[PDB]
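These notes are about the structure you will find just below.
To find a chain, count down the sequence lines: A is the first, B the second, and so on, and within it residues start at 1. Ligands are counted one by one from 1 in listed order, and the atoms in each one are counted from 1 as well.
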2 protein chains.
Amino acid sequence: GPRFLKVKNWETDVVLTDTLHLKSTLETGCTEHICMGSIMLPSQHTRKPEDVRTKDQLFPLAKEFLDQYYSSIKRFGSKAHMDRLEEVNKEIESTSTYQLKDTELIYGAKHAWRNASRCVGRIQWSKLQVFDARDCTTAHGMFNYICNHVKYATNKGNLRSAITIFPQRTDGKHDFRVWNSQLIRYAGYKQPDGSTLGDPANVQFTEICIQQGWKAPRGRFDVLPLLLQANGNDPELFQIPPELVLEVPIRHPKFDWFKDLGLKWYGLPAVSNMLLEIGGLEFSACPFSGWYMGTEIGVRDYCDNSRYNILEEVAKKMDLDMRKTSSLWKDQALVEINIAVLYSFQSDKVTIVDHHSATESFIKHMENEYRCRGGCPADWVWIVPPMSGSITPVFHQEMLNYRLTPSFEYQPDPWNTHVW
Amino acid sequence: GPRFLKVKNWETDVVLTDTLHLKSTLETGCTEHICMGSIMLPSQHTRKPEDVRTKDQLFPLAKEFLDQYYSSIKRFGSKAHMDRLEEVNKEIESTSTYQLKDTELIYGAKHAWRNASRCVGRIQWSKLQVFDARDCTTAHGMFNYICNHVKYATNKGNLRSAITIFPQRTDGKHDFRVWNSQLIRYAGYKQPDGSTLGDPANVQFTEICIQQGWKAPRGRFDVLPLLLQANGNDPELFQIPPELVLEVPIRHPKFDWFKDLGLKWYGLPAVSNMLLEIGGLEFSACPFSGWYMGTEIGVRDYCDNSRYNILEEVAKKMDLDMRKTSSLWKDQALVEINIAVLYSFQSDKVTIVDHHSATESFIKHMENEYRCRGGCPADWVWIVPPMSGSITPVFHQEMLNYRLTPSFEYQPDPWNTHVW
Ligand code: HEM
Ligand code: HEM
Ligand SMILES: C[C@H](O)[C@H](O)[C@H]1CNc2nc(N)[nH]c(=O)c2N1
Ligand SMILES: C[C@H](O)[C@H](O)[C@H]1CNc2nc(N)[nH]c(=O)c2N1
Ligand SMILES: CC(=N)NCc1cccc(CN)c1
Ligand SMILES: CC(=N)NCc1cccc(CN)c1
Ligand SMILES: [Zn+2]
């Protein structure tokens, strides 16, 4: 195209013209002579530990969002729009910052998710519960908001989307950081015999909680303590009330022996280490959650090598021909494990989506976004399920990726930064 | 990095610094504000039907390759290098073109494959048989070279890499085009009852051969006739000697009923519709072949929706719960089908590689290319197998993609262009 890029679905032949990319301003990390589409943290905006943005750098960014917001409600250049702008301009000049109206905070949150190029479940983008935790001032208060979130979202297995937003970053006042990767996760212990008990991806965090006092049960599926950081103060340990952490015992609809593998997982996926940016405002603590896509647990959490890595054992138990890789025994154990997850979650009536339905609705969503927003940023490398990618429609779907604001961003783990 | 990009393997944590990308000059299609890493034909150089490159545009490109070639043999700026350059400069001035020495043609061919960012089997790059078909002048002569290629490469099931290079493009003299996508492929017929018999992806080509006289057996696995175009003359039909087309009957090492599905495939993957560019020279007819990676046939050729699409039938026969998608019945049928392919090919002793071993050696190859060539262009979207992607090491492998020359490129199907 000359300026209206096209994306084609190669299985269906459908074509979509993108005009939305012209609103992008952040960099992708790619050039004209190089593509970094498969790089995890291309760092085009992977946050910096350095000082906070300034007054000059702040208003343009704040204005951009507000011009965007009022345009959304077809009120661009209104008396209201204009006064709001002077309002924030005036408020930034004095305080070096500014506070978003409650409506603006919801728009910004919903849209950060609508713009998350790596999320395949964005069709749910408009249905999000926003918990304004901006008045919070302590870790205990943070703990409380988090508990309410957990309970609200789990909703006795009938999961609901939600995000809790703590105080924005200021400068000296300080940062609020949920030191945990996800609200709910299992511990990992480096055994003296080389082996690792529990999720290996958490061995480094688990060591923090312990050197902070945690009474580690030292088992396989030990839900880790919350370690909250409020107003730039040292984090504090908190135990999520067990009765609030919904879990699901993994069993197979045919292999009764599967049960004996002792596999269990939590039903609430709550990302809590990213950053929400709206109008140039940084919300370093914005735990968000939705519900699982089966492969997340079955393929990655369980079968990833550096994670639980249950391929052999599951394979052995199946009595599979592990003599050579051409027996596709890994692929076989992998399909069964994933059938056990969906089956289990669905048996206990906990919300879950399989890769087939998930990716099917994303195409539907893409079609909505191109038919109403002029496009949709999608990261093909992330949107395509980690198993049977080709038999899911998104594989054959060309996808344009670009960075839109407001958005969710990665940020430095605080234990690297924080002193004391 | 500041100029030395880094790629990390997220499962192994290994890191590789790339310096090779600085040699790139062709565009990727990506910008600073947009990524097109998941676009099939980003058209940065998807050929053009327009006139051929000119004398001025030709020498720089020719020089680049020669400077590259002599640098390879540590002879940069030699008397030889310099005289060769004047040689070609002189030869281009008179003829508007130039002919590559036989050594240069092999270097260029091997490296087009070494630079093919989308090919996962490049570890085999240095072991390639080059058949110089530049003296060819007819379709019959083209047919002959092709037959020798087939026979050579099949090597009674002990497949060998090879590429046959026909006369370069000139201007008026004309184009040589193997009108076939791949040397060996099956026909596809649009049934009156809506249905499609045989590979649907070939229904449009099959119609050409028929309106050219082909006596279509009108079955499911009808190897199509060769339709060769020589010196810009109308293509001509040729039947590959049946005794040269090695095929493999698909059966399963446990499901005797699988046999009854009547699945068969050819063992020689021979791409014949691309373009080889060396020193600015265009080789519009350069059929190349290696050997199969199981998923190519099992996942794509067979299960792709718009292809053979054998999911249901295979699933039904398995007596799988197709009530809902969460039964992962597609995933189940998909794993079995692929076990049948490897098993079959390996039984008849025909060369084949599974995704596990294939992707394992690519990592090994990447490590070689970074440890000796300063890098390796890889397209993550293509290099990752269409099934069980996450349990194969390349999924966790960050990959930098850039365009190096010499290379293989896509080109317009000639029936759209060619008159008469
Ligand atoms: C309704 C359920 C949802 C589903 C099924 C869904 C599914 C997915 C999946 C499968 C991933 C991959 C995670 C990984 O591989 O680590 C992902 C990533 C992501 N999702 Fe969603 N999502 C949903 C809701 C949410 C919510 C509520 C938000 C925000 C309001 C969100 C924001 C994102 C972001 C930012 C990522 C990128 C993660 C990263 O870059 O590390 N998702 N999602
Ligand atoms: C020794 C066996 C080889 C293996 C196992 C291998 C494997 C692969 C696979 C699995 C694909 C994907 C094809 C598709 O999805 O349509 C591919 C693509 C490709 N391979 Fe290789 N390859 C090998 C040899 C060759 C040879 C001999 C050449 C050239 C000298 C070559 C050049 C390429 C190119 C240019 C592509 C890109 C196709 C496209 O863009 O449409 N390959 N290869
Ligand atoms: C839309 C998307 O680019 C397209 O479906 C790609 C994805 N990856 C692929 N990878 C390989 N090896 N082969 C293909 O044909 C494709 N198709
Ligand atoms: C190296 C590569 O970028 C990395 O392994 C990516 C690939 N695609 C992914 N896709 C999803 N959804 N999640 C991931 O963690 C990854 N990892
Ligand atoms: C909401 C959802 N389905 N998954 C997002 C997610 C959950 C846990 C960890 C991570 C780390 N990227 C992401
Ligand atoms: C050599 C190899 N393994 N496969 C390359 C290939 C074979 C047939 C068709 C196509 C179309 N892209 C590519
Ligand atoms: Zn890119």
**Message:** I want to check a possible cation-pi pair here: A:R160 against A:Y152, using under 6.0 Å from ring centre and within 45° of the ring axis as the test.
**Reply:** yes
**Message:** Can you list every protein residue that has a heavy atom under 4.0 Å from any atom of ligand 4, sorted by chain and residue number?
**Reply:** A:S38, A:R300, A:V381, A:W382, B:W10, B:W380, B:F395, B:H396, B:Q397, B:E398
**Request:** Indicate the atoms forming the closest heavy-atom contact of A:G298 with A:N338, along with that distance.
**Result:** C-OD1, 3.3 Å
**Prompt:** Of the non-hydrogen atoms in A:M399 and A:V394, which two are nearest, and what is the gap between them?
**Reply:** CE-O, 3.0 Å
Heavy-atom distance under 4.5 Å between the side chains of [X] and [Y], does that happen here?
| X | Y | value |
| --- | --- | --- |
| A:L159 | A:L268 | yes |
| B:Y370 | B:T17 | no |
| B:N401 | B:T28 | no |

**Message:** Check for me whether A:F288 has a heavy atom closer than 4.0 Å to any atom of ligand 5.
**Reply:** no
**Residues A:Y292, A:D301; criterion side-chain contact (heavy atoms from CB on, under 4.5 Å); working and verdict** = CA-CA 12 Å; A:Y292 270 125; A:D301 294 327; 4.1 Å; yes
Is the [X]-[Y] ring centre distance short of 6.0 angstrom?
| X | Y | result |
| --- | --- | --- |
| A:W265 | A:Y308 | yes |
| B:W10 | B:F395 | no |
| A:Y266 | A:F221 | no |

**Complete:** Among non-hydrogen protein atoms, atom 11 (C) of ligand 5 lies closest to A:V271 CG2, 4.7 Å
**Asked** Is there at least one protein heavy-atom neighbour under 4.0 Å from atom 5 (C) of ligand 5?
**Response** yes
**Fill in**
Checking heavy atoms under 4.0 Å, the part of A:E296 that sits near ligand 5 is side chain
**Prompt:** Just which atoms of ligand 5 are under 4.0 Å from any heavy atom in A:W291?
**Reply:** 3 (N)
**Prompt:** Quick one: which ligand 5 atoms are inside 4.0 Å of a heavy atom on A:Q182?
**Reply:** 8 (C), 9 (C)
**Request:** Using the test salt bridge (charged side-chain N to carboxylate O under 4.0 Å, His left out), find all partners of A:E409 that sit at least two apart in sequence or belong to another chain.
**Result:** A:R403
Write out each pair where an N or O from ligand 1 and one from the protein are under 3.5 Å apart, with the distance.
residue	atom	partner	partner atom	Å
ligand 1	40 (O)	A:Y410	OH	2.4
ligand 1	41 (O)	A:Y410	OH	2.9

**Contact (N/O only, under 3.5 Å) between A:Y292 and ligand 5** = no
**Request:** On the 0 to 90° scale, with breaks at 30° and 60°, tag the A:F143-A:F238 ring pair as parallel, tilted or perpendicular.
**Result:** parallel
**Message:** Using the side-chain hydrogen bond (donor to acceptor under 3.5 Å, both in side chains) criterion, which residues pair with A:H149? Sequence neighbours excluded.
**Reply:** A:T164, A:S289
